[PDB]
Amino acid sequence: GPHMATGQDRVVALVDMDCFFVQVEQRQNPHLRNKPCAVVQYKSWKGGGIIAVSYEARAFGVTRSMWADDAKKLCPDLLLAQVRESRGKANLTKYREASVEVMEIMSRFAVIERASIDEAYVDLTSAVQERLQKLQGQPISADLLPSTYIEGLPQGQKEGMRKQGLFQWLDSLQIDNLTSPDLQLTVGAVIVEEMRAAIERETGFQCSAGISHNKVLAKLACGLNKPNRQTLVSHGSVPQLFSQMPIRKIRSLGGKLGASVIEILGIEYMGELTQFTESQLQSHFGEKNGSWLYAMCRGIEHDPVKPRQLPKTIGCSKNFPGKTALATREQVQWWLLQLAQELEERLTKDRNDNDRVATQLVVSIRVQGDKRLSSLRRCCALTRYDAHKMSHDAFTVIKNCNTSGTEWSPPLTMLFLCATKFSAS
């Protein structure tokens, strides 16, 4: 009863840019705005691989990781923007720079954890406390939440439903208790409306967000109402929400572990997990995963929002699938050089912008017919930002994979250079 902590200490938001690469291209080219459109990489093989889809195109069934020529069969009016190509590979620079615009706006409100190029977590606990004090008892007006959904409401036209749910929530609110978790979530959501308005004002980009008490719930909430909307998942909404929530929808359970939870326990939904003791879960899935599952199915997670706006590693990758796999020494060298040249550019810009130097180079390769995604990974020292030296060292470090008697065998289907181990500069 009084001693079961309920994981309501924090207010955490997950902000995700709606179809981010597509919006970047639509800002740059107005002819694409408010249309079925997608962003592709390469163009020769089946029109190119789609990596981002507007919501208009999604309504036709167009999805990420689909060939453009097939997408065109579903959506013949589909419009396509192409990723920039430099040194024979995809160059994502435009999107990393748009991402930094967004992150820098978010950082004005609260400390953020860059979780990917287009999404960040936000620790709003301090911001909510400050804002609650600033209100000094004033009740929260629906006008302050024009795009917020309250999950699980209403109980007992889409915008009409949204407003009814919000009204039920706000009418039920106890504004005089500065320590009510539900009030804290609500003020968090007001702040998130303000953040999303500033992002759209200053970049043109729209986003969705989730507001809850931890990262996993915030992330799950963000996806409930997209695009251009935000969702508040309260502690109290967890039993009903989780009672039909497939386990695979929870962050980190979408893969093998989630499938084994399903297979070993004989269950389907997150909420069914409540019926197992902590020890049972640890027995099946190990101590860490067991404790984490026991708390997560009750809506409780303690992973902190890390104060980290910048990526921890800077990486350059290219697949050489099918018959394009690299089969000679000259080929492996020339592509290591192309990769090292993009890496040098990104690293020099990173050192100037962010006052830090990488110190370790990681080289990863895949060989043709190898089951694994990394056939090998080896590290060496990264001492100067010189593409010729980094490519020479990556070769020096992988070359004993060749089994030829100037040829290269097994042919290489992936090269990957990653600068890691940053130190302040």
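Heads up, when I say rigid core I mean the largest set of C-alphas that superpose within 1.5 Å between the two forms. The first residue of the shown sequence is 1; numbering continues from there.
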Core-aligned, which moves more in 8 other deposited structures of this protein: 388 to 396 or 368 to 376, by CA RMS? 368 to 376
Comparing against the shown form in 8 other deposited structures of this protein, which stretch has the larger RMS C-alpha deviation after a rigid core superposition, 171 to 179 or 78 to 86? 171 to 179
Using what the record says, work out whether there is a hole in the model between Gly156 and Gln157 and how many deposited residues it spans (none, 1 to 3, 4 to 9, 10 or more). 4 to 9
Chain break class for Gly405 to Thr406, judged by how many deposited residues have no coordinates: 1 to 3
Quick check on the record: does 130 to 138 or 157 to 165 carry the larger mean Cα temperature factor? 130 to 138
Per the entry, where is the mean C-alpha temperature factor higher: 350 to 358 or 187 to 195? 350 to 358
Taking the values straight from the PDB record, which of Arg58, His31, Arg27, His388 has the highest C-alpha temperature factor? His388
Comparing C-alpha B-factors across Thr231, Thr324, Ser252, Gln244 in this entry, the winner is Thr324
Looking at the C-alpha B-factor of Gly236, is it in the lowest, middle or highest third of its chain? lowest
Consider only the C-alpha atoms of the modelled residues in this chain, order them by B-factor as the entry records it, and name the third containing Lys226: lowest, middle or highest. highest
Using the temperature factors of the C-alpha atoms in this entry, rank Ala38 within its chain: lowest, middle or highest third. lowest
Ranking every modelled residue in this chain by its Cα temperature factor as given in the entry, which third contains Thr328? highest
Third of the chain's Cα B-factor distribution that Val12 belongs to, per the entry: lowest
